[PDB]
Amino acid sequence: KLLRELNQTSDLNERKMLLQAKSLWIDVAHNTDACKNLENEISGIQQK
Amino acid sequence: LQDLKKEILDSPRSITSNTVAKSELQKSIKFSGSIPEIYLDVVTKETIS
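The rules behind the values
- In this view, residue numbering begins from 1 on each chain in the order the sequence is written and may differ from the entry, while residues that lack coordinates are not shown.
- Working convention: letters from A go to chains and numbers from 1 go to ligands, in the order in which they are written.
- Values throughout apply to the part shown, which belongs to a larger assembly of chains.
- Side-chain numbers here rest on the full set of heavy atoms in the structure, without hydrogens or water.
- Counting from the N terminus, the helices are DSSP H or I runs at least four residues long and the strands are E runs at least two residues long.
- Only protein chains enter the area calculation, which uses a 1.4 Å probe; residues under 20% of their type maximum are buried, those over 50% are exposed, and those in between are partly exposed.
- Here, Shrake-Rupley sampling with a 1.4 Å probe gives the accessible areas, and only protein chains in the shown set may cover a residue.
- Here the positive residues are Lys and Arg and the negative ones are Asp and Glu; neither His nor the chain ends is included.
- Each charge is placed at NZ for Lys, CZ for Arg, CG for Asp and CD for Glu.
- Between N or O atoms, a polar contact is any pair within 3.5 Å; within protein, one atom must be a potential hydrogen donor and the other a potential acceptor, and residues adjacent in sequence are included only when both atoms are from side chains.
- Note on contacts: a residue pair is in contact if any heavy atoms of the two residues lie within 4.5 Å.

Turning our attention to the overall build of chain B. A tally of helices and strands in chain B yields three helices and zero strands. Start at the N end of chain B and walk to the C end: the helices and strands fall as α-α-α. Taking the principal axes of the C-alpha coordinates as reference, chain B spans close to 55 × 30 × 15 Å. Taking all 49 residues of chain B together, 10% fall into the buried category. Accessible surface, chain B: about 4,600 Å² in total, of which carbon and sulfur atoms supply 58%. Of the side-chain charges in chain B, 7 are positive and 7 negative, and the distance between the mean point of each set is 4 Å.

Here you go:
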C-alpha cells in the first residue's frame, strides 16, 4: 500500500523529472541556438 | 527505481499439499449429499497404501 502511495507520488516525481529534463533540454536548445548565432556572427566576420 | 518498481508491481506481491487432488476428487464425486472435507482429506492423504 505504501508502494502504491509511492506510485501515486512517483507519477508527480516522474512529471517533475520530465519538467527538469525539459528545462535541461531547453537550456541545451538555448546553448545550441546561441552557438548557431555565434556561428552566424563568425561566418559574417569570416565573410568580412 | 520508479520504472523498476512498476515492473516489480507487475510481479505478485504479498500449504496446498493436496489441494488440487482433493478439489478434483470433490468436483467428480457423483454424490448428492454433505461429502465432509475430512473424508476428502483422509482419502487424498494415504501416501502408503
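Mapped onto the fold, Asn7(A) is located in helix 1 (residues 2–47). Here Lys5(B) takes part through its side chain, which lies 2.9 Å from a polar atom of the side chain of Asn7(A). Excluding anything up to four places from it in sequence, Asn7(A) contacts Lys5(B) and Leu9(B).

Unusually for a residue other than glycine, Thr16(B) sits at a positive phi of about 55°. Here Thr16(B) is to be found in the loop between helix 1 (2–10) and helix 2 (19–27).

Such coordinate-based values are descriptive only and should not be taken to indicate function.
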